[PDB]
>>> print(open('structure_5.cif').read())   # mmCIF, C-alpha atoms and all ligand atoms
data_my_file
#
loop_
_atom_site.label_atom_id
_atom_site.label_comp_id
_atom_site.auth_asym_id
_atom_site.auth_seq_id
_atom_site.Cartn_x
_atom_site.Cartn_y
_atom_site.Cartn_z
CA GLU A 6 71.44 152.32 88.09
CA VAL A 7 67.84 153.46 87.70
CA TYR A 8 65.01 150.93 87.92
CA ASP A 9 61.60 151.53 86.38
CA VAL A 10 59.90 149.96 89.40
CA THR A 11 61.10 149.08 92.89
CA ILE A 12 58.68 147.02 94.94
CA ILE A 13 58.94 147.30 98.74
CA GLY A 14 57.95 143.93 100.23
CA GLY A 15 58.66 140.39 99.01
CA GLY A 16 55.54 138.81 100.44
CA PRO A 17 53.08 137.00 98.20
CA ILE A 18 51.80 140.29 96.73
CA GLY A 19 55.25 141.70 96.02
CA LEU A 20 56.16 138.48 94.25
CA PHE A 21 53.18 138.46 91.88
CA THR A 22 53.61 142.21 91.38
CA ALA A 23 57.19 141.64 90.26
CA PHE A 24 56.04 139.07 87.72
CA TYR A 25 53.49 141.47 86.27
CA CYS A 26 56.19 144.19 86.03
CA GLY A 27 58.16 141.72 83.89
CA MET A 28 55.16 141.16 81.63
CA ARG A 29 55.06 144.91 81.01
CA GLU A 30 58.80 145.03 80.26
CA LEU A 31 59.69 147.14 83.32
CA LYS A 32 63.16 147.00 84.85
CA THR A 33 62.28 145.65 88.26
CA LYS A 34 63.60 145.35 91.82
CA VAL A 35 62.05 143.83 94.96
CA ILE A 36 63.37 144.82 98.38
CA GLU A 37 62.48 142.66 101.41
CA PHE A 38 63.32 143.08 105.12
CA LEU A 39 63.35 139.35 105.99
CA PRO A 40 66.07 136.91 104.86
CA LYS A 41 63.49 135.07 102.77
CA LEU A 42 60.53 135.77 100.57
CA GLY A 43 56.87 135.04 101.27
CA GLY A 44 55.96 137.45 104.03
CA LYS A 45 53.18 136.44 106.42
CA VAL A 46 52.56 133.22 104.54
CA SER A 47 56.12 132.02 105.02
CA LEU A 48 56.41 133.17 108.64
CA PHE A 49 52.99 132.49 110.02
CA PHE A 50 51.16 129.79 108.03
CA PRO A 51 53.52 127.92 105.75
CA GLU A 52 51.99 124.59 106.66
CA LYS A 53 48.31 125.60 106.48
CA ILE A 54 46.09 124.83 103.46
CA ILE A 55 44.86 128.01 101.79
CA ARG A 56 41.54 127.54 100.04
CA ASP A 57 40.41 131.11 99.19
CA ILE A 58 42.78 131.87 96.30
CA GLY A 59 40.89 132.05 92.99
CA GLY A 60 41.43 128.87 90.94
CA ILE A 61 43.36 126.91 93.56
CA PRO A 62 41.26 124.38 95.46
CA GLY A 63 43.87 123.89 98.23
CA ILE A 64 47.53 124.82 98.61
CA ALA A 65 49.96 124.81 101.54
CA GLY A 66 51.33 128.25 102.36
CA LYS A 67 54.84 127.21 101.59
CA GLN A 68 53.88 125.71 98.26
CA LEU A 69 52.08 128.93 97.29
CA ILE A 70 55.27 130.82 98.02
CA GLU A 71 57.31 128.41 95.84
CA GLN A 72 54.78 128.90 93.03
CA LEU A 73 54.88 132.71 93.47
CA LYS A 74 58.71 132.65 93.44
CA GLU A 75 58.54 130.79 90.19
CA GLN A 76 56.24 133.50 88.80
CA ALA A 77 58.48 136.31 90.09
CA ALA A 78 61.53 134.60 88.55
CA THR A 79 60.08 134.54 85.03
CA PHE A 80 61.61 137.86 83.89
CA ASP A 81 64.59 137.81 86.24
CA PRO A 82 63.96 140.89 88.45
CA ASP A 83 66.62 141.82 91.04
CA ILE A 84 65.77 140.58 94.54
CA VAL A 85 67.19 142.40 97.55
CA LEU A 86 66.94 140.72 100.95
CA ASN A 87 67.72 141.69 104.54
CA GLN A 88 66.96 145.42 104.04
CA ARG A 89 64.39 147.69 105.63
CA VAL A 90 63.60 150.62 103.33
CA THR A 91 63.31 153.62 105.62
CA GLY A 92 64.28 156.72 103.57
CA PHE A 93 62.59 158.44 100.61
CA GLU A 94 63.60 161.47 98.53
CA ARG A 95 63.29 162.89 95.01
CA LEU A 96 66.12 164.01 92.75
CA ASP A 97 65.86 167.05 90.52
CA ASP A 98 64.89 164.95 87.51
CA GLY A 99 62.09 163.19 89.36
CA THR A 100 64.06 160.01 90.14
CA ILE A 101 63.16 158.55 93.53
CA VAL A 102 65.90 157.49 95.92
CA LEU A 103 65.10 154.84 98.48
CA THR A 104 67.42 154.44 101.42
CA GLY A 105 67.85 151.24 103.35
CA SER A 106 68.34 151.71 107.08
CA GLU A 107 72.03 150.84 106.52
CA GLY A 108 72.64 153.69 104.08
CA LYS A 109 72.03 151.62 100.95
CA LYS A 110 70.85 153.78 97.98
CA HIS A 111 68.31 152.42 95.52
CA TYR A 112 67.37 154.41 92.35
CA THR A 113 63.93 154.13 90.81
CA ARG A 114 61.38 155.87 88.58
CA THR A 115 58.45 154.41 90.56
CA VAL A 116 57.70 152.68 93.83
CA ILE A 117 55.14 150.01 94.61
CA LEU A 118 54.51 149.58 98.31
CA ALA A 119 53.82 145.87 98.89
CA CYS A 120 54.92 146.16 102.52
CA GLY A 121 51.77 144.92 104.28
CA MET A 122 51.24 146.61 107.64
CA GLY A 123 54.97 146.89 108.16
CA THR A 124 58.12 144.85 108.65
CA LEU A 125 57.40 141.48 110.17
CA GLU A 126 59.22 141.67 113.49
CA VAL A 127 58.81 139.72 116.70
CA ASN A 128 60.11 141.61 119.75
CA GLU A 129 63.51 140.23 120.86
CA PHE A 130 63.51 137.34 118.49
CA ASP A 131 65.63 136.86 115.39
CA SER A 132 64.03 137.11 111.93
CA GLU A 133 66.36 134.30 110.80
CA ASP A 134 64.86 132.06 113.45
CA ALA A 135 61.33 133.09 112.64
CA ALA A 136 62.05 132.22 108.97
CA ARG A 137 64.01 129.02 109.63
CA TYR A 138 61.59 127.34 112.09
CA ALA A 139 58.24 128.54 110.69
CA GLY A 140 55.68 125.67 110.54
CA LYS A 141 57.88 123.37 112.70
CA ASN A 142 57.87 123.28 116.51
CA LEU A 143 57.93 127.12 116.77
CA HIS A 144 54.60 128.69 117.83
CA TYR A 145 53.37 132.21 118.65
CA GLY A 146 50.48 130.82 120.67
CA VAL A 147 48.46 127.82 121.74
CA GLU A 148 46.05 126.63 119.04
CA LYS A 149 44.91 123.42 120.77
CA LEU A 150 46.25 122.18 124.11
CA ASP A 151 46.13 118.52 123.05
CA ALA A 152 48.94 118.76 120.50
CA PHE A 153 51.26 119.63 123.47
CA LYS A 154 50.38 116.44 125.40
CA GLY A 155 53.57 114.71 126.57
CA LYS A 156 55.86 117.35 125.04
CA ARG A 157 58.66 119.35 126.67
CA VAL A 158 57.48 122.91 126.21
CA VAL A 159 59.27 126.18 126.62
CA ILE A 160 57.34 129.44 126.66
CA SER A 161 59.37 132.65 126.31
CA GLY A 162 57.44 135.68 127.54
CA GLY A 163 56.33 137.35 130.77
CA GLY A 164 52.84 138.64 130.00
CA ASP A 165 49.45 137.33 131.13
CA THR A 166 48.92 135.14 128.07
CA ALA A 167 52.34 133.57 128.77
CA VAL A 168 51.51 132.87 132.45
CA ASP A 169 48.02 131.58 131.59
CA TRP A 170 49.43 129.39 128.79
CA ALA A 171 51.85 127.87 131.27
CA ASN A 172 49.06 127.13 133.77
CA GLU A 173 46.76 125.34 131.33
CA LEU A 174 49.74 123.50 129.82
CA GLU A 175 51.14 122.22 133.14
CA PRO A 176 48.56 119.37 133.50
CA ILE A 177 49.05 118.22 129.89
CA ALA A 178 52.72 118.69 128.92
CA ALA A 179 55.61 116.39 129.92
CA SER A 180 57.08 119.65 131.29
CA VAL A 181 56.62 123.38 131.08
CA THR A 182 59.40 125.91 131.36
CA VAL A 183 58.85 129.67 131.30
CA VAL A 184 61.71 131.90 130.35
CA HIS A 185 61.45 135.58 131.13
CA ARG A 186 64.01 138.40 131.47
CA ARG A 187 62.43 140.02 134.52
CA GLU A 188 61.49 138.48 137.86
CA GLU A 189 58.10 140.27 137.65
CA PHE A 190 55.21 138.97 135.52
CA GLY A 191 52.00 140.36 133.96
CA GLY A 192 48.36 139.35 134.59
CA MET A 193 46.73 138.79 137.98
CA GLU A 194 49.25 137.78 140.63
CA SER A 195 47.29 134.67 141.65
CA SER A 196 48.11 133.22 138.20
CA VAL A 197 51.82 133.97 138.72
CA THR A 198 51.91 132.55 142.28
CA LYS A 199 50.13 129.43 140.95
CA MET A 200 52.60 128.97 138.05
CA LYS A 201 55.49 129.66 140.42
CA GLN A 202 54.34 127.02 142.94
CA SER A 203 53.30 124.44 140.30
CA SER A 204 55.73 122.07 138.59
CA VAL A 205 56.18 124.75 135.91
CA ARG A 206 59.85 125.63 135.77
CA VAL A 207 60.27 129.36 136.04
CA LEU A 208 63.53 130.70 134.64
CA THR A 209 64.02 134.36 135.60
CA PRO A 210 65.74 136.65 134.99
CA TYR A 211 66.84 134.99 131.75
CA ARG A 212 67.24 136.25 128.21
CA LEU A 213 66.53 134.02 125.23
CA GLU A 214 69.80 134.06 123.32
CA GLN A 215 69.74 131.39 120.67
CA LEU A 216 67.88 128.54 119.10
CA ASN A 217 69.67 125.24 118.49
CA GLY A 218 68.18 122.89 115.96
CA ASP A 219 68.40 120.79 112.84
CA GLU A 220 66.23 120.21 109.73
CA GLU A 221 63.47 118.56 111.74
CA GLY A 222 63.18 121.40 114.33
CA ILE A 223 64.44 123.32 117.41
CA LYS A 224 66.08 120.99 119.96
CA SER A 225 67.22 123.45 122.69
CA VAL A 226 67.40 127.15 123.40
CA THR A 227 70.36 128.82 124.95
CA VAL A 228 69.40 131.35 127.56
CA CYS A 229 71.61 133.70 129.60
CA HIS A 230 71.05 134.88 133.21
CA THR A 231 70.66 138.69 132.84
CA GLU A 232 72.95 139.29 135.88
CA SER A 233 75.46 136.50 136.35
CA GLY A 234 75.82 136.09 132.57
CA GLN A 235 75.65 132.32 132.97
CA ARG A 236 74.45 130.32 130.02
CA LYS A 237 72.02 127.45 130.14
CA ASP A 238 70.86 125.22 127.35
CA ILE A 239 67.25 124.24 127.88
CA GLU A 240 65.78 121.19 126.10
CA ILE A 241 62.93 121.86 123.56
CA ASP A 242 60.14 119.72 122.06
CA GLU A 243 57.95 122.77 121.49
CA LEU A 244 58.88 126.47 121.65
CA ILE A 245 56.18 129.09 122.15
CA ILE A 246 57.29 132.66 121.62
CA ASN A 247 55.01 135.24 123.30
CA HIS A 248 57.12 138.41 123.04
CA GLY A 249 54.56 140.37 121.02
CA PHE A 250 54.82 141.62 117.46
CA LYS A 251 56.35 144.77 116.18
CA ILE A 252 54.48 145.26 112.90
CA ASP A 253 54.24 148.87 111.83
CA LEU A 254 55.20 151.25 109.06
CA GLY A 255 58.09 152.80 111.02
CA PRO A 256 59.94 155.61 109.25
CA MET A 257 57.55 155.48 106.25
CA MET A 258 55.44 157.36 108.75
CA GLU A 259 57.57 160.41 107.91
CA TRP A 260 57.36 160.21 104.13
CA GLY A 261 54.13 162.26 104.14
CA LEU A 262 51.99 159.34 102.99
CA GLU A 263 48.29 159.56 103.60
CA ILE A 264 47.83 156.76 106.14
CA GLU A 265 44.65 155.36 107.67
CA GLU A 266 44.41 152.56 110.26
CA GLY A 267 48.10 151.73 109.82
CA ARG A 268 47.66 151.27 106.07
CA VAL A 269 48.27 153.39 103.01
CA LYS A 270 45.36 155.10 101.35
CA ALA A 271 44.86 153.96 97.77
CA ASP A 272 42.67 155.37 95.02
CA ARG A 273 41.17 152.97 92.47
CA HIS A 274 44.39 153.15 90.44
CA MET A 275 46.32 152.11 93.57
CA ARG A 276 47.95 155.54 93.71
CA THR A 277 49.09 157.01 97.00
CA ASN A 278 49.30 160.79 97.43
CA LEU A 279 53.03 160.68 96.55
CA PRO A 280 53.64 160.97 92.81
CA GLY A 281 55.23 157.81 91.44
CA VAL A 282 54.29 155.88 94.59
CA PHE A 283 51.71 153.08 94.33
CA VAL A 284 50.53 150.40 96.75
CA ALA A 285 49.20 146.80 96.72
CA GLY A 286 48.43 143.93 99.11
CA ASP A 287 47.72 144.29 102.84
CA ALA A 288 49.39 147.76 102.80
CA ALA A 289 46.50 149.23 100.76
CA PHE A 290 43.63 150.98 102.52
CA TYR A 291 40.22 151.64 100.97
CA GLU A 292 36.73 150.90 102.18
CA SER A 293 35.80 147.68 100.38
CA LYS A 294 39.37 146.31 100.27
CA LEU A 295 39.72 142.55 100.30
CA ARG A 296 42.33 141.83 102.94
CA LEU A 297 43.27 138.52 101.31
CA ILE A 298 45.94 137.24 99.00
CA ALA A 299 43.29 137.29 96.22
CA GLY A 300 42.88 141.04 96.82
CA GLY A 301 46.58 141.67 96.48
CA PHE A 302 46.71 139.67 93.25
CA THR A 303 44.43 142.32 91.63
CA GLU A 304 45.98 145.37 93.31
CA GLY A 305 49.51 144.40 92.28
CA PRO A 306 48.92 144.44 88.53
CA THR A 307 46.70 147.54 88.91
CA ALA A 308 49.62 149.25 90.60
CA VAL A 309 51.95 148.16 87.78
CA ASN A 310 49.59 149.49 85.12
CA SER A 311 49.44 152.88 86.87
CA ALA A 312 53.22 152.91 87.26
CA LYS A 313 53.52 152.20 83.52
CA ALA A 314 50.97 154.94 82.63
CA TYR A 315 52.91 157.35 84.84
CA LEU A 316 56.15 156.54 82.96
CA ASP A 317 54.46 156.56 79.53
CA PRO A 318 50.89 157.94 79.10
CA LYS A 319 50.65 156.28 75.66
CA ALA A 320 51.20 152.78 77.00
CA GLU A 321 48.44 150.20 76.65
CA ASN A 322 46.11 150.06 79.70
CA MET A 323 47.28 146.59 80.73
CA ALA A 324 49.64 143.85 79.65
CA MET A 325 48.72 141.40 76.88
CA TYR A 326 46.83 138.27 78.03
CA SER A 327 49.33 135.61 79.13
CA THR A 328 47.86 133.20 76.55
CA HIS A 329 48.92 135.57 73.72
CA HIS A 330 51.85 137.27 75.43
CA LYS A 331 54.84 137.22 73.01
CA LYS A 332 57.43 136.48 75.75
CA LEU A 333 55.38 133.59 77.27
CA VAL A 334 54.14 131.41 74.33
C1 LIG A 401 47.39 133.22 110.61
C2 LIG A 401 47.06 133.86 109.26
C3 LIG A 401 46.30 133.14 108.33
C4 LIG A 401 45.97 133.68 107.09
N1 LIG A 401 45.23 132.96 106.22
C5 LIG A 401 44.90 133.49 105.00
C6 LIG A 401 44.10 132.78 103.99
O1 LIG A 401 43.65 131.62 104.22
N2 LIG A 401 43.85 133.39 102.82
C7 LIG A 401 44.28 134.61 102.51
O2 LIG A 401 43.99 135.09 101.40
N3 LIG A 401 45.01 135.34 103.40
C8 LIG A 401 45.33 134.85 104.60
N4 LIG A 401 46.10 135.60 105.49
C9 LIG A 401 46.48 136.96 105.07
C10 LIG A 401 47.73 136.95 104.24
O3 LIG A 401 48.79 136.56 105.08
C11 LIG A 401 47.97 138.35 103.72
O4 LIG A 401 46.82 138.76 102.99
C12 LIG A 401 49.19 138.40 102.84
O5 LIG A 401 50.36 138.00 103.58
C13 LIG A 401 49.40 139.79 102.28
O6 LIG A 401 50.59 139.75 101.50
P1 LIG A 401 51.45 141.04 101.28
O7 LIG A 401 52.60 140.65 100.40
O8 LIG A 401 50.57 142.20 100.89
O9 LIG A 401 51.91 141.40 102.81
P2 LIG A 401 52.90 140.54 103.79
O10 LIG A 401 52.71 139.08 103.64
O11 LIG A 401 52.67 141.20 105.15
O12 LIG A 401 54.37 140.80 103.26
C14 LIG A 401 54.89 142.08 103.30
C15 LIG A 401 56.38 141.99 103.40
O13 LIG A 401 56.94 143.29 103.35
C16 LIG A 401 58.09 143.32 104.18
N5 LIG A 401 58.39 144.72 104.45
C17 LIG A 401 57.53 145.54 105.07
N6 LIG A 401 58.04 146.79 105.17
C18 LIG A 401 59.23 146.74 104.56
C19 LIG A 401 60.23 147.76 104.29
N7 LIG A 401 59.98 148.98 104.78
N8 LIG A 401 61.36 147.40 103.67
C20 LIG A 401 61.52 146.12 103.24
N9 LIG A 401 60.61 145.13 103.41
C21 LIG A 401 59.46 145.39 104.07
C22 LIG A 401 57.63 142.52 105.39
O14 LIG A 401 58.72 142.05 106.17
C23 LIG A 401 56.85 141.41 104.73
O15 LIG A 401 57.69 140.28 104.47
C24 LIG A 401 46.42 135.07 106.76
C25 LIG A 401 47.18 135.78 107.70
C26 LIG A 401 47.52 135.22 108.93
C27 LIG A 401 48.34 136.01 109.91
#
>>> encode(input="structure_5.cif", output="structure tokens", more="lines below")
Ligand SMILES: Cc1cc2nc3c(=O)[nH]c(=O)nc-3n(C[C@H](O)[C@H](O)[C@H](O)COP(=O)(O)OP(=O)(O)OC[C@H]3O[C@@H](n4cnc5c(N)ncnc54)[C@H](O)[C@@H]3O)c2cc1C
Amino acid sequence: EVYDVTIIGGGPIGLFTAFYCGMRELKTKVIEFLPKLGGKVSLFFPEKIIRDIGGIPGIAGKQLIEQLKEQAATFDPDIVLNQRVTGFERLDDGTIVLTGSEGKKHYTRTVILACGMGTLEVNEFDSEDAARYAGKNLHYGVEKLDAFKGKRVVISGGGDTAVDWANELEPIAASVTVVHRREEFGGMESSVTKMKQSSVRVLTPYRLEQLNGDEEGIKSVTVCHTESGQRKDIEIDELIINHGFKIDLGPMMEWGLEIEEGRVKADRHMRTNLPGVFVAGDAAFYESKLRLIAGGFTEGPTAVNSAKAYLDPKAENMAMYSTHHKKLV
């Protein structure tokens, strides 16, 4: 089954892009790597108030994503979750075939890359967990030390930032536990020796295996000794994950895209160098690019208009205004 447009990425930009595809009557598919939509907003700032979106004085990340899902839903596009698009090829008739890393074949006339700077992966940490506990008592760093006062804190990680975070948290937290899969740590050794001798509880060599929680938040983590294979359940009031991020374009590297600074070069029409392949949102590279949600909200529709022109040169330059759009009023 051949789609007119397949959008790679279901972040905020992919969602609005899908809506605009619907306005221009294109048969539309969105493909997202995570188990839920909303991209960096959903994973990294769902609880924060965004104030730099045109026309919206203040909105919580999560609420923006609900509103963008509502927009995306308008014309009922097909949403594909839990798939990393890694393969690209062209059929004889110009149809593009996208391959998911599990062999899944998707057929399309055009592609819009709304993939940001890559799949949103945290090293050795489950996407499902990242999505489920976002905005709760899951952190990827220490914003302010005072919020951790009196709390039982676990830090998973073995780098310098992990060891330093433990040392400045030890005076403030009810308790600090550091979980790491190797007995050796990063940073200056004085910081390690200090942590190791302080009341910080140092759990090595242990692997973080699982997060145990409810609707309110994470309540323990199950860890496994990397040698004996013995399981422990460690109590959690706050979990800080410091494993590092794995955010990159991966096998799209080998599609022959013109790439600059980890992003995909876009002309003013949001065209890449690959015919039928357009780009929008944080994925787009050009000099004056606005690396905001507001930027993506212009690039998306621009990309749809170019896709539409590419499928039919005699199409109107853009969709009708929403206020006089025949399917909306
Ligand atoms: C802490 C923080 C605060 C921020 N605050 C603001 C703010 O106040 N205002 C603002 O405008 N912006 C802010 N941003 C930036 C904002 O997050 C981005 O501009 C926005 O997320 C871009 O959306 P996007 O859809 O282009 O990319 P993303 O949100 O990165 O979404 C892209 C999606 O594509 C998926 N994906 C990637 N590759 C593939 C593939 N190959 N196959 C399938 N799926 C794939 C990814 O998993 C991801 O979910 C902030 C960012 C951070 C980290």
>>> closest_residue(input="structure_5.cif", among="A:286, A:94, A:168, A:37", to="residue 298 (chain A)", atoms="only C-alpha atoms")
A:286
>>> residues_near_ligand(input="structure_5.cif", ligand="ligand LIG 401 (chain A)", cutoff="7 Å", atoms="all atoms listed in the file", output="PDB file with C-alpha atoms, keeping the file's coordinate frame")
ATOM      1  CA  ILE A  13      58.940 147.300  98.740  1.00  0.00           C
ATOM      2  CA  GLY A  14      57.950 143.930 100.230  1.00  0.00           C
ATOM      3  CA  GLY A  15      58.660 140.390  99.010  1.00  0.00           C
ATOM      4  CA  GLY A  16      55.540 138.810 100.440  1.00  0.00           C
ATOM      5  CA  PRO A  17      53.080 137.000  98.200  1.00  0.00           C
ATOM      6  CA  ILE A  18      51.800 140.290  96.730  1.00  0.00           C
ATOM      7  CA  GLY A  19      55.250 141.700  96.020  1.00  0.00           C
ATOM      8  CA  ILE A  36      63.370 144.820  98.380  1.00  0.00           C
ATOM      9  CA  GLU A  37      62.480 142.660 101.410  1.00  0.00           C
ATOM     10  CA  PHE A  38      63.320 143.080 105.120  1.00  0.00           C
ATOM     11  CA  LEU A  39      63.350 139.350 105.990  1.00  0.00           C
ATOM     12  CA  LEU A  42      60.530 135.770 100.570  1.00  0.00           C
ATOM     13  CA  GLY A  43      56.870 135.040 101.270  1.00  0.00           C
ATOM     14  CA  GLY A  44      55.960 137.450 104.030  1.00  0.00           C
ATOM     15  CA  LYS A  45      53.180 136.440 106.420  1.00  0.00           C
ATOM     16  CA  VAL A  46      52.560 133.220 104.540  1.00  0.00           C
ATOM     17  CA  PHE A  49      52.990 132.490 110.020  1.00  0.00           C
ATOM     18  CA  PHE A  50      51.160 129.790 108.030  1.00  0.00           C
ATOM     19  CA  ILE A  55      44.860 128.010 101.790  1.00  0.00           C
ATOM     20  CA  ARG A  56      41.540 127.540 100.040  1.00  0.00           C
ATOM     21  CA  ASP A  57      40.410 131.110  99.190  1.00  0.00           C
ATOM     22  CA  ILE A  58      42.780 131.870  96.300  1.00  0.00           C
ATOM     23  CA  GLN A  88      66.960 145.420 104.040  1.00  0.00           C
ATOM     24  CA  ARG A  89      64.390 147.690 105.630  1.00  0.00           C
ATOM     25  CA  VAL A  90      63.600 150.620 103.330  1.00  0.00           C
ATOM     26  CA  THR A  91      63.310 153.620 105.620  1.00  0.00           C
ATOM     27  CA  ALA A 119      53.820 145.870  98.890  1.00  0.00           C
ATOM     28  CA  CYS A 120      54.920 146.160 102.520  1.00  0.00           C
ATOM     29  CA  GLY A 121      51.770 144.920 104.280  1.00  0.00           C
ATOM     30  CA  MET A 122      51.240 146.610 107.640  1.00  0.00           C
ATOM     31  CA  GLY A 123      54.970 146.890 108.160  1.00  0.00           C
ATOM     32  CA  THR A 124      58.120 144.850 108.650  1.00  0.00           C
ATOM     33  CA  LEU A 125      57.400 141.480 110.170  1.00  0.00           C
ATOM     34  CA  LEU A 254      55.200 151.250 109.060  1.00  0.00           C
ATOM     35  CA  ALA A 285      49.200 146.800  96.720  1.00  0.00           C
ATOM     36  CA  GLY A 286      48.430 143.930  99.110  1.00  0.00           C
ATOM     37  CA  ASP A 287      47.720 144.290 102.840  1.00  0.00           C
ATOM     38  CA  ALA A 288      49.390 147.760 102.800  1.00  0.00           C
ATOM     39  CA  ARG A 296      42.330 141.830 102.940  1.00  0.00           C
ATOM     40  CA  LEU A 297      43.270 138.520 101.310  1.00  0.00           C
ATOM     41  CA  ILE A 298      45.940 137.240  99.000  1.00  0.00           C
ATOM     42  CA  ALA A 299      43.290 137.290  96.220  1.00  0.00           C
ATOM     43  CA  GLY A 301      46.580 141.670  96.480  1.00  0.00           C
TER      44      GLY A 301
END
>>> residues_near_point(input="structure_5.cif", point="(61.5, 137.6, 135.9)", cutoff="9 Å", atoms="all atoms listed in the file", output="list in words")
residues 163, 184, 185, 186, 187, 188, 189, 190, 207, 208, 209, 210 and 211 of chain A
>>> atom_distance(input="structure_5.cif", atom1="CA of residue 117 (chain A)", atom2="CA of residue 283 (chain A)")
4.6 Å
>>> atom_distance(input="structure_5.cif", atom1="CA of residue 110 (chain A)", atom2="CA of residue 34 (chain A)")
12.7 Å
>>> atom_distance(input="structure_5.cif", atom1="CA of residue 227 (chain A)", atom2="CA of residue 148 (chain A)")
25.1 Å
>>> residues_near_point(input="structure_5.cif", point="(62.3, 136.9, 88.5)", cutoff="12 Å", atoms="all atoms listed in the file", output="MDAnalysis selection string")
chainID A and resid 15 19:28 31:35 72:85
>>> closest_residue(input="structure_5.cif", among="A:319, A:224, A:273, A:53", to="residue 143 (chain A)", atoms="only C-alpha atoms")
A:224
>>> closest_residue(input="structure_5.cif", among="A:232, A:257, A:225, A:47", to="residue 106 (chain A)", atoms="only C-alpha atoms")
A:257
>>> residues_around(input="structure_5.cif", residues="residue 314 (chain A)", least_positions_apart="3", cutoff="12 Å", atoms="only C-alpha atoms", output="VMD selection string")
chain A and resid 9 29 31 115 274 276 281 283 307 to 311 317 to 324
>>> residues_around(input="structure_5.cif", residues="residue 268 (chain A)", least_positions_apart="3", cutoff="6 Å", atoms="all atoms listed in the file", output="JSON, numbers by chain")
{"A": [264, 265, 288, 289, 290]}
>>> residues_around(input="structure_5.cif", residues="residue 214 (chain A)", least_positions_apart="4", cutoff="12 Å", atoms="only C-alpha atoms", output="PyMOL selection string")
chain A and resi 129-131+134+161+184-186+225-231+234-239
